[PDB]
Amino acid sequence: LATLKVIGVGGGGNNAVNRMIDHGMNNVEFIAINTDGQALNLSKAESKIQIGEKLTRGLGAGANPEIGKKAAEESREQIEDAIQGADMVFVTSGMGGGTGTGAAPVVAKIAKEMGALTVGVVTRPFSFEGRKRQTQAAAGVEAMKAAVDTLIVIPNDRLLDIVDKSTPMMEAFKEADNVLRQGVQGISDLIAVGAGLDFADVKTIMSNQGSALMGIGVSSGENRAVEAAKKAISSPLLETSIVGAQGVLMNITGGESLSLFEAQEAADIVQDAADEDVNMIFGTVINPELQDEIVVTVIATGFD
């Protein structure tokens, strides 16, 4: 086994967790974290932790990371016992808020302290949200880098091209929750069901690496594997030059038709796009609910 815990920190972070529940992830345990008592109620997670009750009285962090920072420090023990037993902890949050920007780095440090492989999956706010949010988020990012083994950062502006253009600003973060689900699912599924690798290989590629890029490719057809890999390494989601990688993790999820030769033909594509001296590790995830559709996920770490 491997105990995989996903911890949502903040408003958007918890919205992502709900989205993961409704999507039907099962290899993972979900924790909700917020200084907002009301929004925490709306968490579909099995475990909810109110933080900083004596400091904020359950009313939200008012968009100041500093408040979120001590709120988590004040409730360290409750965080500590939630993270308990986890071989690996995902911290997912939106950067630029209060509870998220401030507390998530704390949640990450505690988890990494306890000896869990700690991966952060976060977003940069939209550009239109303003300079304050931007700066607050940049500080939020950097804080996380020092608190996690591996940080995945997804700018919301990079999703703006795949937003409908017929979308209210209320629904504007439904693509962020989606990618956050994919970010977590792509890795977690590799550990649980994946063949061809195992948890110890993932710890090697991911411990103390720093920033990581993620790319996803979906395809079906005669040479579906190659096309799916080709989409993943040319995905919009990353600043494209994965070539800087000193580590690559690959998830090829498919149906029962998915063969080894197909996997390899897709693994070769990714390897040719990265440094020749890259430590590549990849695995096969079987989802029988798929017939011909294949999903390739690459996480490039170790840079730089």
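So that there is no doubt, residue numbering starts at 1 and follows the sequence shown.
Do the CA atoms of 160 to 168 or those of 110 to 118 have the higher mean B-factor in the entry?
So the stretch with the higher mean C-alpha B-factor is 160 to 168.
Looking at the entry, does 135 to 143 or 171 to 179 show the higher mean C-alpha B-factor?
Here the higher of the two C-alpha B-factor means belongs to 171 to 179.
Please pick out which of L258, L249, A39, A267 has the largest Cα B-factor as recorded in the entry.
Of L258, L249, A39, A267, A39 has the highest C-alpha B-factor.
Comparing against every modelled residue in the chain, figure out the third that the C-alpha B-factor of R124 lands in (lowest, middle or highest).
According to the entry, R124 has a C-alpha B-factor in the chain's lowest third.
Lowest, middle or highest third: which one holds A82 when the chain's residues are ordered by CA B-factor from the entry?
Tercile = highest for this residue's CA B-factor.
Compared with the other modelled residues in the chain, in which third is the CA B-factor of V298?
As the PDB entry reports it, the C-alpha B-factor of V298 lands in the lowest third of its chain.
Sorting by Cα B-factor within the chain, modelled residues only, which third would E227 end up in: lowest, middle or highest?
As the PDB entry reports it, the C-alpha B-factor of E227 lands in the middle third of its chain.
By the recorded C-alpha temperature factor, relative to the other modelled residues in its chain, which third is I281 in?
Middle third - that is where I281 ends up once the chain's C-alpha B-factors are sorted.
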